[PDB]
file query.cif (mmCIF, C-alpha atoms)
data_final
loop_
_atom_site.group_PDB
_atom_site.id
_atom_site.type_symbol
_atom_site.label_atom_id
_atom_site.label_comp_id
_atom_site.auth_asym_id
_atom_site.auth_seq_id
_atom_site.Cartn_x
_atom_site.Cartn_y
_atom_site.Cartn_z
ATOM 1 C CA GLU C 391 8.696 34.337 -6.480
ATOM 2 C CA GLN C 392 6.341 31.882 -4.780
ATOM 3 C CA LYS C 393 5.986 28.402 -6.260
ATOM 4 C CA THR C 394 3.723 25.388 -5.726
ATOM 5 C CA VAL C 395 3.470 21.814 -7.026
ATOM 6 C CA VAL C 396 0.805 19.108 -7.359
ATOM 7 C CA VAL C 397 1.382 15.624 -5.911
ATOM 8 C CA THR C 398 0.004 12.217 -6.922
ATOM 9 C CA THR C 399 -0.993 9.545 -4.395
ATOM 10 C CA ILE C 400 -3.468 6.656 -4.192
ATOM 11 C CA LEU C 401 -6.116 5.416 -1.739
ATOM 12 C CA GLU C 402 -4.599 2.044 -0.944
ATOM 13 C CA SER C 403 -5.997 1.618 2.561
ATOM 14 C CA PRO C 404 -2.629 0.847 4.205
ATOM 15 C CA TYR C 405 -1.023 3.916 2.620
ATOM 16 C CA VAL C 406 -3.804 6.527 2.426
ATOM 17 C CA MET C 407 -7.120 6.549 4.291
ATOM 18 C CA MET C 408 -10.166 8.739 3.707
ATOM 19 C CA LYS C 409 -10.833 10.919 6.744
ATOM 20 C CA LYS C 410 -14.475 10.786 7.797
ATOM 21 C CA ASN C 411 -15.096 14.435 6.861
ATOM 22 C CA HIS C 412 -14.739 13.334 3.232
ATOM 23 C CA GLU C 413 -17.570 15.499 1.861
ATOM 24 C CA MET C 414 -15.667 18.723 1.272
ATOM 25 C CA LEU C 415 -12.059 18.713 2.530
ATOM 26 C CA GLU C 416 -9.099 19.463 0.294
ATOM 27 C CA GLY C 417 -6.562 16.738 -0.426
ATOM 28 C CA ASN C 418 -4.132 18.368 2.000
ATOM 29 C CA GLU C 419 -6.736 17.702 4.722
ATOM 30 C CA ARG C 420 -8.903 14.910 3.246
ATOM 31 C CA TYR C 421 -6.368 12.211 4.000
ATOM 32 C CA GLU C 422 -4.131 10.410 6.466
ATOM 33 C CA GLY C 423 -1.777 7.460 6.149
ATOM 34 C CA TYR C 424 1.763 6.220 5.607
ATOM 35 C CA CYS C 425 2.052 8.104 2.321
ATOM 36 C CA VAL C 426 0.380 11.163 3.840
ATOM 37 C CA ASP C 427 2.639 11.539 6.876
ATOM 38 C CA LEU C 428 5.716 10.476 4.918
ATOM 39 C CA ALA C 429 4.878 13.281 2.480
ATOM 40 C CA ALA C 430 4.375 15.640 5.429
ATOM 41 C CA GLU C 431 7.802 14.700 6.830
ATOM 42 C CA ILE C 432 9.427 15.171 3.411
ATOM 43 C CA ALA C 433 7.792 18.598 3.077
ATOM 44 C CA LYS C 434 8.984 19.343 6.624
ATOM 45 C CA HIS C 435 12.581 18.774 5.559
ATOM 46 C CA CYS C 436 12.394 20.146 2.002
ATOM 47 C CA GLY C 437 10.084 23.055 2.816
ATOM 48 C CA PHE C 438 8.459 23.241 -0.624
ATOM 49 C CA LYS C 439 4.729 23.907 -0.877
ATOM 50 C CA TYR C 440 2.538 21.346 -2.585
ATOM 51 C CA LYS C 441 -0.930 19.906 -2.860
ATOM 52 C CA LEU C 442 -1.811 16.226 -2.632
ATOM 53 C CA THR C 443 -4.057 14.757 -5.315
ATOM 54 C CA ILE C 444 -5.296 11.295 -6.156
ATOM 55 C CA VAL C 445 -4.124 9.820 -9.430
ATOM 56 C CA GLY C 446 -6.778 11.035 -11.833
ATOM 57 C CA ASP C 447 -7.038 7.650 -13.531
ATOM 58 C CA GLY C 448 -7.453 6.292 -10.000
ATOM 59 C CA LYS C 449 -5.352 3.246 -10.848
ATOM 60 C CA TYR C 450 -1.955 1.916 -11.838
ATOM 61 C CA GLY C 451 -3.073 1.255 -15.414
ATOM 62 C CA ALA C 452 -1.351 -0.475 -18.325
ATOM 63 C CA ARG C 453 1.032 0.529 -21.062
ATOM 64 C CA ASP C 454 -0.698 1.765 -24.186
ATOM 65 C CA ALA C 455 -0.469 -1.170 -26.579
ATOM 66 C CA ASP C 456 2.584 -1.209 -28.887
ATOM 67 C CA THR C 457 3.275 2.447 -28.070
ATOM 68 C CA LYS C 458 3.876 1.722 -24.382
ATOM 69 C CA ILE C 459 2.401 5.190 -23.868
ATOM 70 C CA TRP C 460 1.774 5.799 -20.210
ATOM 71 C CA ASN C 461 -0.986 5.034 -17.792
ATOM 72 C CA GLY C 462 -2.637 7.850 -15.861
ATOM 73 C CA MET C 463 -0.232 8.069 -12.916
ATOM 74 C CA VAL C 464 2.938 8.401 -15.017
ATOM 75 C CA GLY C 465 1.371 10.581 -17.709
ATOM 76 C CA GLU C 466 0.171 13.015 -15.057
ATOM 77 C CA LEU C 467 3.851 13.562 -14.248
ATOM 78 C CA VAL C 468 5.243 13.565 -17.786
ATOM 79 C CA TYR C 469 2.234 15.603 -18.961
ATOM 80 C CA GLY C 470 2.253 18.021 -16.083
ATOM 81 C CA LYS C 471 -0.883 17.311 -14.083
ATOM 82 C CA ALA C 472 1.600 16.618 -11.263
ATOM 83 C CA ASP C 473 5.336 16.916 -10.653
ATOM 84 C CA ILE C 474 6.075 14.251 -8.002
ATOM 85 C CA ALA C 475 4.778 10.796 -7.095
ATOM 86 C CA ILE C 476 4.798 9.367 -3.562
ATOM 87 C CA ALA C 477 3.052 6.011 -3.811
ATOM 88 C CA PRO C 478 3.471 2.249 -3.405
ATOM 89 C CA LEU C 479 4.957 1.720 -6.873
ATOM 90 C CA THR C 480 7.518 -0.855 -7.982
ATOM 91 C CA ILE C 481 10.963 0.252 -9.146
ATOM 92 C CA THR C 482 11.979 -1.131 -12.526
ATOM 93 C CA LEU C 483 14.210 -0.056 -15.405
ATOM 94 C CA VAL C 484 11.210 -0.112 -17.746
ATOM 95 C CA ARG C 485 10.034 2.845 -15.652
ATOM 96 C CA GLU C 486 13.401 4.306 -14.588
ATOM 97 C CA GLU C 487 14.378 5.077 -18.201
ATOM 98 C CA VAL C 488 11.353 7.396 -18.462
ATOM 99 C CA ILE C 489 11.316 9.108 -15.042
ATOM 100 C CA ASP C 490 13.585 9.384 -12.023
ATOM 101 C CA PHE C 491 13.023 7.629 -8.708
ATOM 102 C CA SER C 492 14.223 8.211 -5.166
ATOM 103 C CA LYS C 493 16.134 5.767 -3.083
ATOM 104 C CA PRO C 494 13.553 3.111 -2.132
ATOM 105 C CA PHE C 495 11.874 3.620 1.237
ATOM 106 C CA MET C 496 10.812 -0.026 1.681
ATOM 107 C CA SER C 497 11.804 -3.506 0.515
ATOM 108 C CA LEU C 498 9.033 -6.038 -0.072
ATOM 109 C CA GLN Z 714 -5.518 -8.209 10.271
ATOM 110 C CA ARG Z 715 -8.755 -6.667 8.939
ATOM 111 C CA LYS Z 716 -11.261 -9.199 10.251
ATOM 112 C CA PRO Z 717 -12.641 -11.651 9.276
ATOM 113 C CA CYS Z 718 -9.374 -13.528 9.800
ATOM 114 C CA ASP Z 719 -10.281 -15.864 6.924
ATOM 115 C CA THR Z 720 -7.238 -15.094 4.738
ATOM 116 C CA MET Z 721 -3.689 -16.381 5.120
ATOM 117 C CA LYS Z 722 -0.266 -16.280 3.523
ATOM 118 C CA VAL Z 723 1.274 -19.380 2.016
ATOM 119 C CA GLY Z 724 4.754 -19.755 0.564
ATOM 120 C CA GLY Z 725 7.891 -17.903 1.578
ATOM 121 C CA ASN Z 726 7.060 -14.842 -0.613
ATOM 122 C CA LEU Z 727 8.244 -14.751 -4.231
ATOM 123 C CA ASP Z 728 10.748 -11.925 -4.810
ATOM 124 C CA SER Z 729 12.453 -8.791 -3.494
ATOM 125 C CA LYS Z 730 11.655 -5.314 -4.815
ATOM 126 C CA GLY Z 731 11.783 -1.677 -3.717
ATOM 127 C CA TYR Z 732 9.234 1.101 -3.378
ATOM 128 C CA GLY Z 733 10.389 4.683 -3.877
ATOM 129 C CA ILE Z 734 9.366 8.219 -4.763
ATOM 130 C CA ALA Z 735 9.466 9.279 -8.419
ATOM 131 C CA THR Z 736 9.899 12.506 -10.378
ATOM 132 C CA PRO Z 737 9.687 13.349 -14.107
ATOM 133 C CA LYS Z 738 12.839 13.978 -16.115
ATOM 134 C CA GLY Z 739 14.436 17.398 -15.725
ATOM 135 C CA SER Z 740 12.209 18.392 -12.811
ATOM 136 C CA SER Z 741 14.248 20.436 -10.337
ATOM 137 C CA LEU Z 742 12.380 18.926 -7.366
ATOM 138 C CA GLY Z 743 13.940 15.470 -7.732
ATOM 139 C CA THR Z 744 17.259 15.560 -5.869
ATOM 140 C CA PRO Z 745 16.095 18.007 -3.122
ATOM 141 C CA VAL Z 746 13.370 15.532 -2.144
ATOM 142 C CA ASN Z 747 15.702 12.569 -2.710
ATOM 143 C CA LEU Z 748 18.087 13.954 -0.081
ATOM 144 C CA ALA Z 749 15.143 14.268 2.334
ATOM 145 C CA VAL Z 750 14.196 10.646 1.677
ATOM 146 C CA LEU Z 751 17.849 9.754 2.283
ATOM 147 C CA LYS Z 752 17.696 11.644 5.593
ATOM 148 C CA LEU Z 753 14.638 9.653 6.650
ATOM 149 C CA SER Z 754 16.217 6.407 5.421
ATOM 150 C CA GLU Z 755 19.270 6.925 7.623
ATOM 151 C CA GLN Z 756 17.401 8.492 10.560
ATOM 152 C CA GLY Z 757 14.963 5.551 10.607
ATOM 153 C CA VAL Z 758 11.840 7.677 11.178
ATOM 154 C CA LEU Z 759 10.126 5.256 8.775
ATOM 155 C CA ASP Z 760 9.919 2.733 11.627
ATOM 156 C CA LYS Z 761 7.473 5.068 13.380
ATOM 157 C CA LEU Z 762 5.353 5.172 10.216
ATOM 158 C CA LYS Z 763 5.452 1.378 9.867
ATOM 159 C CA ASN Z 764 4.379 0.973 13.493
ATOM 160 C CA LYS Z 765 1.599 3.549 13.129
ATOM 161 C CA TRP Z 766 0.225 2.019 9.925
ATOM 162 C CA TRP Z 767 0.599 -1.727 10.494
ATOM 163 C CA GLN U 714 21.193 -29.784 -1.485
ATOM 164 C CA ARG U 715 24.789 -31.004 -1.140
ATOM 165 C CA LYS U 716 25.541 -34.688 -0.537
ATOM 166 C CA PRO U 717 25.194 -34.755 3.290
ATOM 167 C CA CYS U 718 21.695 -33.287 2.879
ATOM 168 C CA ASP U 719 21.576 -33.285 6.684
ATOM 169 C CA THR U 720 20.501 -29.656 7.241
ATOM 170 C CA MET U 721 17.648 -27.477 6.034
ATOM 171 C CA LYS U 722 16.272 -23.960 5.824
ATOM 172 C CA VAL U 723 13.569 -22.782 8.208
ATOM 173 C CA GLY U 724 11.317 -19.779 7.587
ATOM 174 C CA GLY U 725 11.538 -17.241 4.792
ATOM 175 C CA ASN U 726 14.119 -14.592 4.008
ATOM 176 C CA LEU U 727 14.519 -12.058 6.816
ATOM 177 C CA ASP U 728 15.121 -9.041 4.551
ATOM 178 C CA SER U 729 16.550 -8.188 1.149
ATOM 179 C CA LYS U 730 19.995 -7.041 0.009
ATOM 180 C CA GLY U 731 22.214 -7.253 -3.055
ATOM 181 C CA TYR U 732 25.768 -7.754 -4.251
ATOM 182 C CA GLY U 733 27.826 -5.445 -6.403
ATOM 183 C CA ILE U 734 31.382 -5.598 -7.662
ATOM 184 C CA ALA U 735 33.550 -3.102 -5.815
ATOM 185 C CA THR U 736 36.752 -1.130 -6.269
ATOM 186 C CA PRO U 737 38.535 1.709 -4.451
ATOM 187 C CA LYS U 738 37.072 5.204 -4.543
ATOM 188 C CA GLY U 739 37.209 6.723 -8.009
ATOM 189 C CA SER U 740 38.892 3.726 -9.641
ATOM 190 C CA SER U 741 38.795 4.849 -13.257
ATOM 191 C CA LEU U 742 38.155 1.331 -14.575
ATOM 192 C CA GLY U 743 35.013 1.281 -12.433
ATOM 193 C CA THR U 744 32.739 2.714 -15.123
ATOM 194 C CA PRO U 745 34.008 0.259 -17.783
ATOM 195 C CA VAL U 746 33.355 -2.425 -15.154
ATOM 196 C CA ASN U 747 29.827 -1.076 -14.686
ATOM 197 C CA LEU U 748 29.323 -1.350 -18.447
ATOM 198 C CA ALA U 749 30.652 -4.926 -18.429
ATOM 199 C CA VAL U 750 28.269 -5.752 -15.565
ATOM 200 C CA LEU U 751 25.370 -4.197 -17.485
ATOM 201 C CA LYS U 752 26.169 -6.153 -20.662
ATOM 202 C CA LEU U 753 26.665 -9.486 -18.886
ATOM 203 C CA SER U 754 23.344 -8.808 -17.144
ATOM 204 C CA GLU U 755 21.592 -8.037 -20.433
ATOM 205 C CA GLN U 756 23.227 -11.118 -21.978
ATOM 206 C CA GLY U 757 21.764 -13.285 -19.188
ATOM 207 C CA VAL U 758 25.198 -14.690 -18.324
ATOM 208 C CA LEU U 759 24.242 -14.204 -14.675
ATOM 209 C CA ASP U 760 21.949 -17.160 -15.298
ATOM 210 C CA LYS U 761 24.533 -18.975 -17.435
ATOM 211 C CA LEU U 762 27.162 -19.084 -14.683
ATOM 212 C CA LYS U 763 24.601 -19.924 -11.992
ATOM 213 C CA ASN U 764 22.966 -22.543 -14.216
ATOM 214 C CA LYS U 765 26.369 -24.197 -14.582
ATOM 215 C CA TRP U 766 27.291 -24.129 -10.906
ATOM 216 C CA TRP U 767 24.153 -24.896 -8.854
#

call {"tool": "encode", "arguments": {"input": "query.cif", "output": "structure tokens"}}
result
Amino acid sequence: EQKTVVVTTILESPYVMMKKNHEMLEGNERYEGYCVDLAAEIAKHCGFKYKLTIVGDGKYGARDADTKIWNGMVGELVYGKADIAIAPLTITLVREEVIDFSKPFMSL
Amino acid sequence: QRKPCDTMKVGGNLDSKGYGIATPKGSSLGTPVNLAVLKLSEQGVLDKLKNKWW
Amino acid sequence: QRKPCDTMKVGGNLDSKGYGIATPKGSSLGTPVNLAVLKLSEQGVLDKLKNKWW
């Protein structure tokens, strides 16, 4: 009946900031920032339960050579470490063909 | 703005691009969060977040 | 850049937006038009026409 999901985000200091009690908090409490409170507002409207996590590769990362197999942050979605991404990440067809994207939230 | 103020922009920026949320193919979560993002996009709550974080 | 050359830009772009070809709601040709747009984009003709005119 109950269901939960894992979320990917990144510690870019404008978007996510490490709260001083960084020794032992969980990702749902470790963090604050534009991505964090945007995610909180989205979960306020959509109601689903989730947990925030950093990208395990900790980076954007490249295509695998010739295969174009994914970096950490996309593979964690496609390969089920996470199910949603809420991050400063550029929209492009070379990504859109592989995974869906929301309406953009900012233009830059 | 993070001192020292020893860095500056030059040029009129290069391009225009979007940032958005993403979701793997076939995941049921996609459109029900996309509608919430659409809500925020039309309600403008994002301006509060921009103020708070820049 | 036109002959009078007596005016100029100041500052950068204020925002970003885009154009799209438009038709009444549900116009059945609209999806063929979207395909034509996609092919002319992939063919780079959006440069070709601009490269002729500007």

call {"tool": "resolve_selection", "arguments": {"input": "query.cif", "expression": "the PyMOL selection byres ((chain C) within 6 of (chain Z))", "output": "ChimeraX atom specification"}}
result
/C:424,432,467-468,474-476,478-481,489-498

call {"tool": "write_last_selection", "arguments": {"input": "query.cif", "atoms": "C-alpha atoms", "output": "PDB file, in the coordinates of the input"}}
result
ATOM      1  CA  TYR C 424       1.763   6.220   5.607  1.00  0.00           C
ATOM      2  CA  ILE C 432       9.427  15.171   3.411  1.00  0.00           C
ATOM      3  CA  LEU C 467       3.851  13.562 -14.248  1.00  0.00           C
ATOM      4  CA  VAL C 468       5.243  13.565 -17.786  1.00  0.00           C
ATOM      5  CA  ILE C 474       6.075  14.251  -8.002  1.00  0.00           C
ATOM      6  CA  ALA C 475       4.778  10.796  -7.095  1.00  0.00           C
ATOM      7  CA  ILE C 476       4.798   9.367  -3.562  1.00  0.00           C
ATOM      8  CA  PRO C 478       3.471   2.249  -3.405  1.00  0.00           C
ATOM      9  CA  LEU C 479       4.957   1.720  -6.873  1.00  0.00           C
ATOM     10  CA  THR C 480       7.518  -0.855  -7.982  1.00  0.00           C
ATOM     11  CA  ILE C 481      10.963   0.252  -9.146  1.00  0.00           C
ATOM     12  CA  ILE C 489      11.316   9.108 -15.042  1.00  0.00           C
ATOM     13  CA  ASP C 490      13.585   9.384 -12.023  1.00  0.00           C
ATOM     14  CA  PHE C 491      13.023   7.629  -8.708  1.00  0.00           C
ATOM     15  CA  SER C 492      14.223   8.211  -5.166  1.00  0.00           C
ATOM     16  CA  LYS C 493      16.134   5.767  -3.083  1.00  0.00           C
ATOM     17  CA  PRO C 494      13.553   3.111  -2.132  1.00  0.00           C
ATOM     18  CA  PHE C 495      11.874   3.620   1.237  1.00  0.00           C
ATOM     19  CA  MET C 496      10.812  -0.026   1.681  1.00  0.00           C
ATOM     20  CA  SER C 497      11.804  -3.506   0.515  1.00  0.00           C
ATOM     21  CA  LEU C 498       9.033  -6.038  -0.072  1.00  0.00           C
TER      22      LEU C 498
END

call {"tool": "atom_distance", "arguments": {"input": "query.cif", "atom1": "atom CA of residue C:418", "atom2": "atom CA of residue Z:760"}}
result
23.1 Å

call {"tool": "resolve_selection", "arguments": {"input": "query.cif", "expression": "the PyMOL selection byres ((chain C and resi 446) around 10)", "output": "PyMOL selection string"}}
result
chain C and resi 398-400+443-445+447-449+462-463+466+471

call {"tool": "calpha_fit_and_write", "arguments": {"input": "query.cif", "fixed": "chain Z", "moving": "chain U", "output": "tab-separated table (two decimals) with C-alpha atoms, keeping the file's coordinate frame"}}
result
chain	number	residue	atom	x	y	z
U	714	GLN	CA	-4.36	-9.56	10.29
U	715	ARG	CA	-7.44	-7.38	9.72
U	716	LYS	CA	-10.71	-8.12	11.52
U	717	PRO	CA	-12.15	-10.73	9.09
U	718	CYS	CA	-8.93	-12.73	9.51
U	719	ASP	CA	-10.45	-15.13	6.97
U	720	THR	CA	-7.51	-15.35	4.53
U	721	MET	CA	-3.83	-16.20	4.81
U	722	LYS	CA	-0.48	-16.21	3.06
U	723	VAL	CA	0.91	-19.39	1.53
U	724	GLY	CA	4.57	-19.93	0.67
U	725	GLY	CA	7.40	-17.42	0.81
U	726	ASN	CA	8.09	-14.32	-1.25
U	727	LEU	CA	8.47	-15.08	-4.96
U	728	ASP	CA	11.19	-12.48	-5.62
U	729	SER	CA	12.38	-9.12	-4.35
U	730	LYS	CA	11.68	-5.54	-5.44
U	731	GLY	CA	11.53	-2.07	-3.94
U	732	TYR	CA	9.63	1.21	-3.93
U	733	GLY	CA	10.96	4.65	-4.67
U	734	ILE	CA	9.33	8.05	-4.86
U	735	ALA	CA	9.06	9.20	-8.46
U	736	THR	CA	8.79	12.39	-10.48
U	737	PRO	CA	8.99	13.35	-14.17
U	738	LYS	CA	12.33	13.20	-15.96
U	739	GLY	CA	14.76	15.80	-14.67
U	740	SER	CA	12.37	17.29	-12.11
U	741	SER	CA	14.72	19.70	-10.38
U	742	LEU	CA	13.17	19.12	-6.95
U	743	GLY	CA	14.05	15.44	-7.36
U	744	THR	CA	17.50	15.73	-5.77
U	745	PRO	CA	16.15	17.67	-2.75
U	746	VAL	CA	13.54	14.90	-2.53
U	747	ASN	CA	16.33	12.31	-2.62
U	748	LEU	CA	18.00	14.14	0.27
U	749	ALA	CA	14.71	14.22	2.21
U	750	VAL	CA	14.31	10.47	1.58
U	751	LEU	CA	17.88	9.86	2.77
U	752	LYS	CA	17.37	11.89	5.96
U	753	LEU	CA	14.00	10.33	6.82
U	754	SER	CA	15.67	6.95	6.25
U	755	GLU	CA	18.59	7.82	8.52
U	756	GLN	CA	16.13	9.20	11.09
U	757	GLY	CA	14.29	5.85	11.11
U	758	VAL	CA	10.96	7.55	10.36
U	759	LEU	CA	10.33	4.74	7.88
U	760	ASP	CA	9.83	2.64	11.00
U	761	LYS	CA	7.96	5.41	12.82
U	762	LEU	CA	5.22	5.69	10.19
U	763	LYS	CA	4.98	1.91	9.75
U	764	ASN	CA	5.02	1.36	13.52
U	765	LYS	CA	2.04	3.72	13.78
U	766	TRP	CA	0.03	2.20	10.95
U	767	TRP	CA	0.44	-1.61	11.08

call {"tool": "atom_distance", "arguments": {"input": "query.cif", "atom1": "atom CA of residue C:441", "atom2": "atom CA of residue C:410"}}
result
19.5 Å

call {"tool": "resolve_selection", "arguments": {"input": "query.cif", "expression": "the PyMOL selection byres ((chain C and resi 405) around 6)", "output": "JSON, numbers by chain"}}
result
{"C": [402, 403, 404, 406, 423, 424, 425]}

call {"tool": "atom_distance", "arguments": {"input": "query.cif", "atom1": "atom CA of residue C:401", "atom2": "atom CA of residue C:450"}}
result
11.5 Å

call {"tool": "axis_aligned_box", "arguments": {"input": "query.cif", "around": "stretch 752-764 of chain Z", "padding_each_side": "3 Å", "output": "AutoDock Vina command-line options"}}
result
--center_x 11.8 --center_y 6.3 --center_z 9.5 --size_x 20.9 --size_y 16.7 --size_z 14.1

call {"tool": "decode", "arguments": {"input": "query.cif", "residues": "stretch 742-761 of chain U", "atoms": "N, CA, C and O atoms", "output": "PDB file, in the first residue's frame"}}
result
ATOM      1  N   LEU U 742      -3.496  19.143 -39.893  1.00  0.00           N
ATOM      2  CA  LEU U 742      -2.213  19.308 -40.560  1.00  0.00           C
ATOM      3  C   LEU U 742      -1.096  19.657 -39.585  1.00  0.00           C
ATOM      4  O   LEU U 742       0.079  19.609 -39.967  1.00  0.00           O
ATOM      5  N   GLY U 743      -1.436  19.989 -38.339  1.00  0.00           N
ATOM      6  CA  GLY U 743      -0.443  20.509 -37.415  1.00  0.00           C
ATOM      7  C   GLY U 743       0.682  19.533 -37.134  1.00  0.00           C
ATOM      8  O   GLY U 743       1.837  19.932 -36.997  1.00  0.00           O
ATOM      9  N   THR U 744       0.357  18.244 -37.003  1.00  0.00           N
ATOM     10  CA  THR U 744       1.403  17.243 -36.790  1.00  0.00           C
ATOM     11  C   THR U 744       2.279  17.029 -38.024  1.00  0.00           C
ATOM     12  O   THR U 744       3.512  16.955 -37.870  1.00  0.00           O
ATOM     13  N   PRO U 745       1.744  16.878 -39.241  1.00  0.00           N
ATOM     14  CA  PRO U 745       2.615  17.002 -40.421  1.00  0.00           C
ATOM     15  C   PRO U 745       3.484  18.249 -40.430  1.00  0.00           C
ATOM     16  O   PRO U 745       4.658  18.178 -40.810  1.00  0.00           O
ATOM     17  N   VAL U 746       2.934  19.398 -40.041  1.00  0.00           N
ATOM     18  CA  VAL U 746       3.736  20.616 -39.947  1.00  0.00           C
ATOM     19  C   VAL U 746       4.850  20.459 -38.921  1.00  0.00           C
ATOM     20  O   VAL U 746       5.972  20.930 -39.129  1.00  0.00           O
ATOM     21  N   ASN U 747       4.551  19.850 -37.777  1.00  0.00           N
ATOM     22  CA  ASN U 747       5.582  19.603 -36.776  1.00  0.00           C
ATOM     23  C   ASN U 747       6.690  18.709 -37.318  1.00  0.00           C
ATOM     24  O   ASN U 747       7.875  18.941 -37.051  1.00  0.00           O
ATOM     25  N   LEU U 748       6.326  17.702 -38.108  1.00  0.00           N
ATOM     26  CA  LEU U 748       7.333  16.880 -38.775  1.00  0.00           C
ATOM     27  C   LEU U 748       8.164  17.682 -39.771  1.00  0.00           C
ATOM     28  O   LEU U 748       9.387  17.519 -39.841  1.00  0.00           O
ATOM     29  N   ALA U 749       7.516  18.525 -40.574  1.00  0.00           N
ATOM     30  CA  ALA U 749       8.247  19.384 -41.506  1.00  0.00           C
ATOM     31  C   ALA U 749       9.222  20.301 -40.774  1.00  0.00           C
ATOM     32  O   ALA U 749      10.370  20.472 -41.194  1.00  0.00           O
ATOM     33  N   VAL U 750       8.759  20.923 -39.691  1.00  0.00           N
ATOM     34  CA  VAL U 750       9.619  21.735 -38.831  1.00  0.00           C
ATOM     35  C   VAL U 750      10.812  20.929 -38.329  1.00  0.00           C
ATOM     36  O   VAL U 750      11.960  21.381 -38.396  1.00  0.00           O
ATOM     37  N   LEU U 751      10.558  19.728 -37.816  1.00  0.00           N
ATOM     38  CA  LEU U 751      11.635  18.882 -37.311  1.00  0.00           C
ATOM     39  C   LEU U 751      12.646  18.512 -38.394  1.00  0.00           C
ATOM     40  O   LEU U 751      13.857  18.513 -38.144  1.00  0.00           O
ATOM     41  N   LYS U 752      12.180  18.213 -39.605  1.00  0.00           N
ATOM     42  CA  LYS U 752      13.105  17.864 -40.682  1.00  0.00           C
ATOM     43  C   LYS U 752      13.903  19.072 -41.160  1.00  0.00           C
ATOM     44  O   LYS U 752      15.123  18.985 -41.342  1.00  0.00           O
ATOM     45  N   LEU U 753      13.241  20.209 -41.374  1.00  0.00           N
ATOM     46  CA  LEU U 753      13.965  21.416 -41.756  1.00  0.00           C
ATOM     47  C   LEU U 753      14.960  21.845 -40.685  1.00  0.00           C
ATOM     48  O   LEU U 753      16.026  22.380 -41.007  1.00  0.00           O
ATOM     49  N   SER U 754      14.635  21.619 -39.410  1.00  0.00           N
ATOM     50  CA  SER U 754      15.606  21.823 -38.341  1.00  0.00           C
ATOM     51  C   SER U 754      16.793  20.878 -38.482  1.00  0.00           C
ATOM     52  O   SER U 754      17.951  21.312 -38.488  1.00  0.00           O
ATOM     53  N   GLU U 755      16.522  19.579 -38.599  1.00  0.00           N
ATOM     54  CA  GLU U 755      17.601  18.607 -38.737  1.00  0.00           C
ATOM     55  C   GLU U 755      18.432  18.865 -39.988  1.00  0.00           C
ATOM     56  O   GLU U 755      19.649  18.648 -39.989  1.00  0.00           O
ATOM     57  N   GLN U 756      17.796  19.329 -41.062  1.00  0.00           N
ATOM     58  CA  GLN U 756      18.512  19.658 -42.289  1.00  0.00           C
ATOM     59  C   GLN U 756      19.317  20.950 -42.196  1.00  0.00           C
ATOM     60  O   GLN U 756      20.058  21.262 -43.135  1.00  0.00           O
ATOM     61  N   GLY U 757      19.198  21.702 -41.104  1.00  0.00           N
ATOM     62  CA  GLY U 757      19.927  22.946 -40.945  1.00  0.00           C
ATOM     63  C   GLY U 757      19.451  24.085 -41.814  1.00  0.00           C
ATOM     64  O   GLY U 757      20.146  25.101 -41.919  1.00  0.00           O
ATOM     65  N   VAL U 758      18.277  23.953 -42.433  1.00  0.00           N
ATOM     66  CA  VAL U 758      17.756  24.984 -43.322  1.00  0.00           C
ATOM     67  C   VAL U 758      17.424  26.247 -42.546  1.00  0.00           C
ATOM     68  O   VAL U 758      17.350  27.334 -43.127  1.00  0.00           O
ATOM     69  N   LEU U 759      17.206  26.119 -41.239  1.00  0.00           N
ATOM     70  CA  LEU U 759      17.057  27.281 -40.372  1.00  0.00           C
ATOM     71  C   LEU U 759      18.300  28.161 -40.367  1.00  0.00           C
ATOM     72  O   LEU U 759      18.191  29.381 -40.196  1.00  0.00           O
ATOM     73  N   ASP U 760      19.481  27.578 -40.559  1.00  0.00           N
ATOM     74  CA  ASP U 760      20.644  28.393 -40.902  1.00  0.00           C
ATOM     75  C   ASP U 760      20.592  28.865 -42.351  1.00  0.00           C
ATOM     76  O   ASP U 760      20.826  30.047 -42.633  1.00  0.00           O
ATOM     77  N   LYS U 761      20.296  27.961 -43.285  1.00  0.00           N
ATOM     78  CA  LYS U 761      20.320  28.318 -44.701  1.00  0.00           C
ATOM     79  C   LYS U 761      19.525  29.586 -44.998  1.00  0.00           C
ATOM     80  O   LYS U 761      20.036  30.520 -45.625  1.00  0.00           O
TER      81      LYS U 761
END
